[PDB]
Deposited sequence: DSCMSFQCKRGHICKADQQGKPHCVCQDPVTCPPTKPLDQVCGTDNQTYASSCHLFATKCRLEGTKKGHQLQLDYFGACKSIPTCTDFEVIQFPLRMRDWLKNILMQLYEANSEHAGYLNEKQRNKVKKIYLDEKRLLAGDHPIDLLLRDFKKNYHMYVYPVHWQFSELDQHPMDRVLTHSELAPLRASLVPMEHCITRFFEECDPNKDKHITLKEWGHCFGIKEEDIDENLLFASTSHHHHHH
């Protein structure tokens, strides 16, 4: 068997020729391992695939075409309609701060349901478009607790290739992982690429996490 150790790209498998010569052919989706519900994945076509094996077998069958070239794994789970991740869903605050925020919101609710002056201005941020960002603005100025984590996330992603900008393919693992963790879809190129050139610089990334320009420093990468 010449197919032993003959490597093939994902969605392809090695099959011997009528002459015994090994060839990479598309994988038949029927041969994909049986699937459990949580194996499901959502493709960039907003189609749900039973598993990653099924998606790449489909992509292979579609090699050479627009839909084939476009199809990628988008995130884990079935395709869903979900809101855009916020910055703090991407890069979280310490648990102590999340308990504090939860407690003032709960306390603010109990005072208003079936104190009010204390947290009045706080109440009116929630009717705003970015309540948590504004309430946590002072925290975001701390280097060890916020600024450095924001830089470290950029440099962790800027690897394919490392060039001080992030592209779609570099952000795709982060997008895929936040759906199960946070039930939100990142939209970095709708929100953090204001010149629409499809490359996110450190300045664009920092601004999108609300870090002042004076605190953005390429030496931390």
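Residues of the deposited sequence lacking C-alpha coordinates, counted from 1, fall in the stretches 115-126, 234-244.
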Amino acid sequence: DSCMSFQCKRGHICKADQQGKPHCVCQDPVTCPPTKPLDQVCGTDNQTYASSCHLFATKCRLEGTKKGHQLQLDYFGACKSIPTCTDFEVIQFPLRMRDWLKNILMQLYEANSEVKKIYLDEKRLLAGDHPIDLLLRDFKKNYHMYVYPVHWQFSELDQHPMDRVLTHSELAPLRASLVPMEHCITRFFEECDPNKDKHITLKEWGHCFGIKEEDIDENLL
From here on, numbers count along this sequence of modelled residues.
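The deposited model assigns a higher average Cα B-factor to 31-39 than to the other stretch when 31-39 and 54-62 are compared. Between 187-195 and 65-73, it is 65-73 that carries the larger average Cα temperature factor according to the deposited entry.
Take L125, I104, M97, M145 and read off each C-alpha B-factor from the entry; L125 has the highest. The PDB entry gives the largest Cα B-factor of the residues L108, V90, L136, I118 to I118. When the CA B factors of the chain's modelled residues are split into thirds, the value for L166 lands in the lowest one. Among the modelled residues of its chain, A16 has a C-alpha B-factor that falls in the highest third according to the deposited record. In the deposited entry, the Cα temperature factor of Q153 sits in the bottom third of values across the chain's modelled residues. Residue-level temperature factors show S177 in the lowest third of its chain, judged at the C-alpha atom.
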